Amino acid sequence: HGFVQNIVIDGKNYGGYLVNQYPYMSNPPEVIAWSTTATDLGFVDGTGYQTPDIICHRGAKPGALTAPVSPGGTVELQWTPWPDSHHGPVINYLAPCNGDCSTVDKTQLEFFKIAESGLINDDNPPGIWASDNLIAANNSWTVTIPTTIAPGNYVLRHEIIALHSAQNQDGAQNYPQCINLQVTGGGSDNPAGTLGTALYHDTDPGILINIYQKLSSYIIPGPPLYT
């Protein structure tokens, strides 16, 4: 359980969607982060993979604001403290807004994977995962925006998948957090994109998995990494 509390871009903080404050406020502030109804600080499990909830989390609506990023710039997402128990991958996608992200139909967004990190070491099962790298970095993740994509407005879909309960059907816990970015620079690629509801299926090999046993490999879920 947790959420993204702050985003650092080009030397300033953009405050996150504080899901334990703003849903209680009823005139809440404009941010680059999507609003959600996930006030339990919880997840979308396999029952929700073909519902709109998987796209940017339960009940999500676009952020009003968009943050500009320098060409090949960093976006640092700062989480609430991630529990060591919640081992699993950290995955990052962009989808083009083709206009103001604040007005997109989330159900039409087509994501391409720009970064993935999975099982790092398995010397002591359940091992060390991208989620453990996030904890070791004091609960932040750094995303480098590619220089090779067409600039424009994009949703960054940033996600931890916790696998501590994932040996059961629908046990994996997805924690997507979306923010609005203005990608800048000279790129031209329009990578093939995947609908939110086709990212994951509840029987995928990196989704329905016992992490407590020795693992020889881990297949990071979702569509193929764009390079």
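We number the residues from 1 along the sequence you see. Definition used throughout: the rigid core is the maximal C-alpha set that superposes within 1.5 Å between two forms.
Stretch 26 to 34 is the one, of 26 to 34 and 190 to 198, whose CA positions lie farther from the shown form in 8 other deposited structures of this protein once all structures are superposed by the rigid core. The mean Cα B-factor in the deposited entry runs higher for 212 to 220 than for the other of 12 to 20 and 212 to 220.
Just going by the entry, 24 to 32 versus 40 to 48 on mean CA temperature factor gives the higher value to 24 to 32.
The PDB entry assigns its highest CA temperature factor, among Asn180, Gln177, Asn190, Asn174, to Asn190. Of all the options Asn153, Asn92, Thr144, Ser85, the entry's greatest CA B-factor is assigned to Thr144.
Per the PDB record, residue ranking by Cα B-factor puts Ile114 in the lowest third of the chain. Among the modelled residues of its chain, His201 has a C-alpha B-factor that falls in the middle third according to the deposited record.
When the modelled residues of the chain are ordered by C-alpha B-factor, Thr103 sits in the highest third. Per-chain ranking of the deposited C-alpha B factor places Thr80 in the lowest third. For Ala60, the recorded CA temperature factor ranks within the middle third of the chain's modelled residues.
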